[PDB]
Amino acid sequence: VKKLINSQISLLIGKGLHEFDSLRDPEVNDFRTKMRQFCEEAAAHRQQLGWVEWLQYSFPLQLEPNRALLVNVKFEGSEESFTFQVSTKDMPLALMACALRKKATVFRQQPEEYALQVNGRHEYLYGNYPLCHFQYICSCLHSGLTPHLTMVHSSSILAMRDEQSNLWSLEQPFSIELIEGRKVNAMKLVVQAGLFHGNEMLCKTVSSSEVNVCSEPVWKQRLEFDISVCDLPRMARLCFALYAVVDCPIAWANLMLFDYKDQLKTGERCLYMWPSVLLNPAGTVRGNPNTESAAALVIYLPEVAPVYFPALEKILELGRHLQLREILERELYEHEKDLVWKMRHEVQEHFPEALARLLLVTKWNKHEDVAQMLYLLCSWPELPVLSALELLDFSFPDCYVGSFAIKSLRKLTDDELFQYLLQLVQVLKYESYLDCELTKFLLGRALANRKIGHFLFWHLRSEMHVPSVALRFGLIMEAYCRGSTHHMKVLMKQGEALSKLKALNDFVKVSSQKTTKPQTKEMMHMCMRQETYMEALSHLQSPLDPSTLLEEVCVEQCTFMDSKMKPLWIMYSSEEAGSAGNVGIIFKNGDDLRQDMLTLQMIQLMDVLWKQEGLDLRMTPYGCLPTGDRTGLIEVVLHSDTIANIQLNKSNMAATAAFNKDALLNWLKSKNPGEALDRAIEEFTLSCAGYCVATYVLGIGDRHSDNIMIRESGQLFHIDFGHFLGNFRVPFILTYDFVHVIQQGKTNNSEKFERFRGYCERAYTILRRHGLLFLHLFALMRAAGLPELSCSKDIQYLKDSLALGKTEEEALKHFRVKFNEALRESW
């Protein structure tokens, strides 16, 4: 059983646990033992949670960022149910009271003993919130559906819990010996070397002498750096770059000068290098695992003796010892930097949220100054979440700064954590050591919230094919599995389904090139009807949303789309869920989805920020999740079609039109007869404004009818981008056919069109006020290595699009010019 769990973890993470042992790495060994203990302690705490607390762990509340409605309620094991009329302002407890009173009269004879389950879902309604604060209830109101809920007793919840159990003296200049290499190229070879603290250099870079490409090259020369050994900061990074010249990049490699035990490193080191696109300080500090083919560089760190980095007590001991200040404190010159450092005590006392700027002006290549910074840091007041997100960036590489950022981030709600989880996982790629505060923070939150654990796992699992993170991410996942053996098995079931979908999709790719679609579709179904497929594809939690249950696969309704990669369309049904159980997922394999996944998350964030200000633009933040190498799932939006399909203006249809411009409007009329047409045009108008502003801010062009879809409700959404941040300055885009629907099919309708302009302006001004949040998240995403999110010019695009330099009046003026130009562009 102990053996079995190891084999199950190995299969789940895609890497045998035996491979960790074979490295013979003390840091790996210590990480595994320490974090296993940490995660098993979390498990012990979880298994003794009270039933309400377990609900909060397993089914965390999905809330939104008077009026009457019908609700159907039943009891766990019963066919019979009661339809109640309640108010939107009523609490769950009031609803549960009604249910128990009805049961008492039917059975002929305590609300606090119950929770309301959403039928056929792992989602619950509970707590002191009015019904309309829950996302499920709001979803039902907007779609006009009846909520269906099930009374679940505390003893049933506890049964779920139970079944799911488990130094300063060294003044000489820092130097190294470059011994030799082992490589392939066409010229002479040169090794550039630099000391870095994050992005900034600790001193000038030093080059090696030119040697012929011959060999297996040899140098055996000392490289001496312009910085004392006592002045090396704790997180000092020695970076190398091999290239050829008569420029031709070949390889690079980094390492930390101190090890994970705070000891200065000696002596000889073999650096297995990574291939280049000269210095790359943000690159990983672990060697290339492919030692067969990787070019190596052997070096010698001199035995200066055993020296450790000074402890915090010694650090603090050493350290213990105006209008224009404000005018610059909202890139700065030499005298301005000195002003800030001079008045660093005043920054702590009066301007604590300017810590970042203070950290950027401190001299990290002088230990007394670094010291002087850390004493202020250790009594620095906790900062808001927004400030802490900036501090996670690689520009702030110091470990005490990192620890301070995490300390300020502990007040993140689970909802905020979920929202920023993609970025936080990517920040792990900047980390220097395995055991770190970010990893412990994420694991802790993941074990305290099953939904966070679900998405943490998949973000990590989806990058196990990347050699530079496979070890780190594999270890984190192993640790998590030690924390929840039950959830490990739940995730294995998802993995087994995805394995079958990959095999099925490979068949479809081959088959689609050899026969007709009806024939490929029929053989797809025959493959799915195999017992191994029916079993593997049925009865699992959706990777897109663990609260969504994918029960019985509806083979007859499964198909594939015509796009190059032939993405699979998989439909499900659930008797217990009813119509809400009718859900679809798309499996797509062969394309890099990461950039589009980022775009969708950012649109999702925009939607939350708008709703927080009482602006609902009726967006469609459909689920999207990377699951493996160029593989991911997409949540199907049902009852929708492409603008292209509708604009074909097919005959013998309700949408058929006298002019092509009326095709969209006629389609909406057919789906929304009578008085319902007005709401659909509004839903269309609102969503159009949302996506117009979203694509403008994110710099998304290439917008055509094949990549835009419309729901029968009228809601417009996008299914391909991407292509963002001006990576084909993209203008604001207004399409004539959409303007036509907004104007109710009329040629002149300023009333409706200017309302639409108002929505766009309100949406735009709200995003400007959270401009810094976007900049900080995108900064952290530079860790991901996306082709179109590589440098400062990509970040600069957002500053320009949100006009953060300008005042609100100037920015709004500037936005109105872009809107008007887009209006003129429309025919």
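The first residue of the sequence shown is number 1, and the count goes up from there. Each form is matched to the other, and the largest set of C-alpha atoms that superpose within 1.5 Å is called the rigid core.
**Q** For a rigid core alignment of each structure in 7 other deposited structures of this protein onto the shown form, which stretch has the higher root mean square Cα deviation: 678 to 686 or 77 to 85?
**A** Relative to the shown form, the greater RMS C-alpha distance in 7 other deposited structures of this protein belongs to 77 to 85.
**Q** May I ask which stretch, 589 to 597 or 351 to 359, sits farther from the shown form in 7 other deposited structures of this protein once every structure is superposed on the core, judging by RMS CA distance?
**A** Stretch with the higher C-alpha RMS distance in 7 other deposited structures of this protein: 589 to 597.
**Q** Does residue 129, which is modelled here, drop out in at least a third of the other compared PDB entries?
**A** Residue status for residue 129: no gap in any other entry.
**Q** Checking the other PDB entries that cover both flanking residues: does residue 473 lack coordinates in at least a third?
**A** That residue is present in all of the other compared entries.
**Q** Can you count, per the entry, how many deposited residues between residue 186 and residue 187 come without coordinates? Answer none, 1 to 3, 4 to 9, or 10 or more.
**A** The entry has a short gap there, with 1 to 3 residues left out between residue 186 and residue 187.
**Q** Do the C-alpha atoms of 663 to 671 or of 135 to 143 have the higher average B factor in the entry?
**A** Between 663 to 671 and 135 to 143, it is 135 to 143 that shows the higher mean C-alpha B-factor.
**Q** Mean C-alpha B-factor higher for 508 to 516, or for 99 to 107?
**A** If you average the C-alpha B-factors of 508 to 516 and of 99 to 107, the larger mean comes out for 99 to 107.
**Q** Per the entry, which of 483, 92, 306, 628 tops the list for Cα B factor?
**A** Comparing C-alpha B-factors across 483, 92, 306, 628, the maximum falls on 306.
**Q** In the PDB entry, which of 60, 50, 787, 771 has its C-alpha at the highest B-factor?
**A** Of the options given, 787 has the highest CA B-factor in the PDB entry.
**Q** If you rank every modelled residue in this chain by C-alpha B factor, which third holds residue 219: lowest, middle or highest?
**A** It belongs to the highest third of the chain when residues are ordered by C-alpha B-factor.
**Q** Quick check on the deposited entry: does the C-alpha B-factor of residue 314 sit in the lowest, middle or highest third of its chain?
**A** As the PDB entry reports it, the C-alpha B-factor of residue 314 lands in the highest third of its chain.
**Q** Going by what the PDB entry lists, where does residue 622 fall on CA B-factor within its chain: lowest, middle or highest third?
**A** Lowest third of the chain for residue 622's C-alpha B-factor.
**Q** Would you check the entry's CA temperature factor for residue 472 and let me know if it's in the chain's lowest, middle or highest third?
**A** Within its chain, residue 472 is a lowest-third residue by C-alpha B-factor, going by the deposited values.
**Q** What third of its chain, lowest, middle or highest, does the C-alpha temperature factor of residue 113 fall into?
**A** Middle third.
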